[PDB]
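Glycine also receives a Cβ, built like all others from the backbone with ideal geometry; neighbour counts cover every protein chain displayed. Just so it is clear, none of the values below were taken in a lab; they were calculated from the coordinates.
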């Protein structure tokens, strides 16, 4: 965590920088010169699911020497279930 | 603090990237780009800027100042804060996060907010649906970038970007996983809009596709944001896959091997590739584009996580 | 001083349950998640902070923002230098467990994400594909064709 | 098979994903037990 | 190994899911109505699961890795898990006709039912709070989708939203309890939990953190079984949805929750708080149901309230700590399930009639006279009339309750049975003696629905001649915990 | 001199399933 | 939407002139 | 200090259940409070895992993350279907 | 780590504790091959018969056969394993006393 | 031909800005602290830095 | 650096030598700690390991000090990171103690 303080102050100093970039144009230049697209909910829920499964990929990615060939196959079962879901979405036709 | 030493040079980088794109994409078209303003158009970015700054507003409208006058600020602050964890040379990252990569993923997940908000505050149904389409694209090629990073992560030990660029001393992940670099580049092209993938950025539909109250500052900040997001997403194709700051390691007598110069050379290669690939290829229409992020770069990314996980589990290369 | 600034999350959580304007509700929702991730950072659970960011304020409150925009509602420590020789990043010490030892509680959330996919499909396909885009469907022999109106 | 070639022609990226992925679900399936020596 | 029976249903669901989507999205097959083809195949998938689970019953406890860290399978779970699949299959058997009449292209609807059964199978064997919550979430999530299946009609979708919020709250409340229970225990396993909570007695031995969790976990379970303290909009869910979907949620989730309830509370928790809350709920559910049976008019809602009243009789067995009482609860669950399937099937027999009152259901004496006698048997079974199987189960519940000493609770059950009987004789009078209401003429059903009535109605009457097997089966399960 | 292709496979399967039922008791 | 999607499959490119290549 | 990081989560959960009770009229706030209380129990698991120095808390917190997210997905999809066309 | 040690175990004489696959499947009695064969039939027959309505008789028969193969094979495996291990009748100890 | 150098020049002065992004936040941090930044700075190293600033008294 | 003050740099710099030598003291201290982690119960073995290791440092400090003074300069410059200067590591190891 100790290295999070530089980005913690980064957010605020970039806020300052963008506020200056905002105020620069404001100062100069004085007086004289479809009901609903549900596919955007399907795409959104599907990104939600696939980013959940990437969230599950991350620890399995960084710790794969520890889980020798059993964590790998458990993740491949999780991934085969992901693939069954993704093939049901491809065939049903949510990717359009 | 020293955040100035990473935002000001990045501001100059974006301002000169507008010129680098115009000039390279012009050289491609057998024509010199901006060439009168500066010695070689080198002052042309300052001219574009100082013009946009001196342009009187079309309507003051300083009343609505908390809604969409800080949304471009948010987009730009995110595009600039994702630069902290990006390491330019050994021990030159501003903040070495031991989960650096996931932090970049989160910064993208907040850039989604940036786009959606800055499009919703534009009370234009066409422009708002365009911003929503652009957000859905930026977020649909984020599962593919996610899985590509899971590949380059399986190859590496940890998410620490300095480690991902230190894990390539033997060979860049561009050589074995070249098919992945092509998918990360073709996704970073599509995550950002500036690409063969920019129907929401079709020349006209872009300007009328982000906001209604321009005042110039909004126009510049979106383009400064798009060009920083581009320098960033090109500074990722060069940490992960190309050797972040690593030479070819031949150890020449002519070359004293500076690190940040190698990182610069590689991010220049990927920026030039952004430009070249904007010049030479037609747009994808956003209806084949979304059908390329799901039906093409997700299956070919999932396969790669299973291929680079398998081939590294069987032979204990992990 | 940032420790006690969880009061921000506390008041923003009181906003979402006492707000009639949905934009303020979703905004303070996002705020609650941002301050909860700040908290999860102060605890050193770095992975869970970024996961809160991603799968909450880049997916879920994105969903909620969509539901608002459209469909408007109206000293003395004794640090033991053992176990520090190899510091396990939070991802590594979640992966040492979730995929090998408690892996069935990880294949069951697999099934829950699959059920979420099947659910978002069967619910919000909205008769826009083979669910009803099969055809209008017609049969000539039974059809009266002007014999019966 | 004729239909297999019709599927690896019409859809190259889901037929070269179920084969750039077989090499990953196939290497630890058989190539790893082979590596008992 | 040791997860193969659950693995098969999950594989069968995936294989049916892939079969349904590829086939339904086929121009060559003209986008055919897979549901009913997924059906029959779905009913045999449950039956193959039933055989695999029964076949491996000795082999179920194959390894410590599965029981200690994931789920533990025991003799009680096996007998109820067999019943859970049989209950699920029996509901599918009546439901097939509904699929035929409806334009059901929802192949996924069957996969959801099989996925629910897999969640329910995992729920019965779940031995960790994480496992129980995750399994409960899957079974409910599949159920939430089935409720909203008829999208064109808002009545099913709005009923689904109330079911969804009640489900989300019930899962969420149970989850908060797990968090508090975890904080004191330091482990999420029921087995580790039992060691810390054995004889906790919040009065005898201080346990502030554990009790805080126990309060939430218990409350969440009650919402799931439509207990009256948390009945909320759950009765509304039953009437608003069409009869066949209502039947599926009426018995299978409830049986799974009741079996999960005995395992999570009796073995893990030992304080004088859990038994009393069920005792209050039992009195209230029977009181609410008896008042509701007279108050409610729609036949579908009345069944839900009669089922809620029966649920209170089931709750008494947990309320009295005696193992004989837990056995009596099991006798009740089986009889209630057979009658509930039989009752839904008789309503499903009048498929032709659209939503109609009891008086319209009357006049079945002249037409379908045998069905009229069959309807009388179904009402009598919940009523507690002595010849029927339900009374024998209730008498065991009451005899156990008197032995347990629950004279006040037992009396209200007899009083509620008395309150119900008057309405049932009035309903029996409505069927033949009076209020024919137009001499309406009914329509036929499938043989499976008639057999559901035949195999159950005969058995309900036959219980008196040979009641020994069920009593023996029920006690064995209670002792196993 | 035969019915539709595939009907024969189902008719053969039914005999093999019925043979199994007698066989299950037998073996 | 049931609108006819633009199927990007077709017959392979074969330059088709008119019959008047050699002798009208 | 564990009490400060728990009772604050406890009263965030109380805010969630309170908004559940009040907002039986509006459902989007209902789902807001659902994910609120599924955070106040999730942040609760994380706090109790740091305090007890036990990893089961964080495993369960991750699984509740990727279960409450699917729950929000299905919830909002049901809510969008509820506002039919 | 893992171990095949079981609750309620070894009620009958064990032949080979923790049988390796390709042996427990090479132990299929002519009853197992008759259980794996009747399940695959009742699963093909139901699969084809269910598909008479939607016109999918062939492919629904094939998917019913896939379900039947998986299920009947896992059942034959359960039987031959609980037989090799000490769980089932296990009259196939002659195969060990002879070999 | 060296005609592409005119178009290389903007990429150079955008590469000469990432070199500055990298070396500024290095030689600024190399100033506040007499030593370069440590990338793999796990808790062992913060503990050793604590005890080190406590050893030099 | 200076007198053999067991700083972070000078300790992680000589850890190879602290491995070859002073292994009995280290393994005895670890055996105690794994027996019971109360600090007092082997305060004596703590003095014993600290005694032999301060002695080992004063030996390394006395002989080839400049190479040791360059290697600890490394380890203070790059915080105990070995690969960043293998040249100093070899110089110091090659001149006297291998």
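Going by alpha carbons, how many degrees (0 to 90, nearest 10) lie between the helix axis of J:43-55 and the longest principal axis of chain J? With rounding to tens, the tilt is 60 degrees.
With coordinates expressed along the principal axes, the C-alpha atoms belonging to region B:184-233 extend over 35, 21, 11 Å, beginning with the largest.
Which order results if E:233, J:44, E:40, B:245 are arranged by neighbouring Cβ count within 10 Å, fewest first? Before the final figure, lay out each step's value.
Numbers: E:233 15, J:44 18, E:40 22, B:245 27.
Ascending Cβ contact count within 10 Å gives the list E:233, J:44, E:40, B:245.
Considering chain B as a Gaussian network with a 10 Å cut-off on Cα pairs, which listed residue, B:109, B:79, B:39, attains the greatest mean-square fluctuation? Comparing B:109, B:79, B:39 in a Gaussian network model of chain B, the most mobile one is B:39.
Neighbouring Cβ atoms from other chains, within 10 Å of the Cβ of residues in B:263-276, number 3 on average.
Dividing the mean sequence gap of close Cα pairs (under 8 Å, 6+ apart) by how many residues chain B holds gives a relative contact order of 25 percent.
Among B:30, J:35, E:351, the ranking by other beta carbons within 10 Å of each residue's beta carbon, starting with the fewest, stands as B:30, J:35, E:351. Protection proxy ranking for E:363-372, D:18-27, using the average of other Cβ atoms within 10 Å per residue and placing the highest first: D:18-27, E:363-372.
Among J:11, E:479, a tally of other beta-carbon atoms within 10 Å of each Cβ gives an order, fewest to most, of E:479, J:11.
Rounded, prolate or oblate: pick one for chain H, where a ≥ b ≥ c are the square roots of the eigenvalues of its C-alpha gyration tensor, a/c under 1.5 means rounded, and failing that, prolate if a/b is larger than b/c, else oblate. Judged from the Cα gyration tensor, chain H comes out oblate (a/c at least 1.5, b/c at or above a/b). Rounded, prolate or oblate: which fits chain E, taking a ≥ b ≥ c as square roots of the Cα gyration tensor eigenvalues, rounded meaning a/c under 1.5, else prolate when a/b beats b/c? It is oblate, given that a/c is not under 1.5 and a/b is not larger than b/c.
Taking every residue in I:76-86 and counting other chain Cβ atoms within 10 Å of its Cβ, the average works out to 3. The Cα center of region E:415-481 and the Cα center of region J:1-50 differ in position by 82 Å.
The simple Förster model, with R0 at 22 Å and r as the Cβ-Cβ distance, assigns residue E:479 and residue E:273 a FRET efficiency of 0.35. Placing a pseudo-label 7 Å from each Cα along the Cα-to-Cβ vector at residue J:5 and residue F:21 gives an inter-label distance of 9.2 nm.
The mean sequence separation of alpha-carbon pairs under 8 Å and at least six residues apart, normalised by the residue count of region E:323-390, gives a relative contact order of 39 percent.
Note on residue E:414 and residue E:365: their simple-model spin labels are 3.2 nm apart, each label 7 Å out from Cα toward Cβ.
Rounded to the nearest 0.05, the FRET efficiency derived from the C-beta distance between residue D:1 and residue E:322 at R0 = 41 Å is 0.05.
A simple packing score, the average count of other Cβ atoms within 10 Å per residue, orders the peptides B:114-124, B:196-206, E:431-441, B:281-291 as B:114-124, B:196-206, B:281-291, E:431-441, with the highest score first. Mean per-residue shielding of peptide B:47-53 is 2, counting Cβ atoms of other chains within 10 Å of each Cβ. Where the centre of each part is set by its Cα atoms, how far does region A:22-96 sit from region E:26-57, in angstrom? If we compute the Cα centre of each part, the gap is 32 Å.
Modelled spin labels at residue G:11 and residue E:86, positioned 7 Å past Cα toward Cβ, are 6.6 nm from each other. Reported to the nearest whole Å, the Cα centre-to-centre distance from region C:71-116 to region B:253-318 is 29. With the convex hull drawn over the C-alpha atoms of the protein assembly as shown, the volume per residue is 271 Å³.
Here residue E:437 and residue E:352 are evaluated by their C-beta separation; at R0 = 25 Å the FRET efficiency comes out at 0.95.
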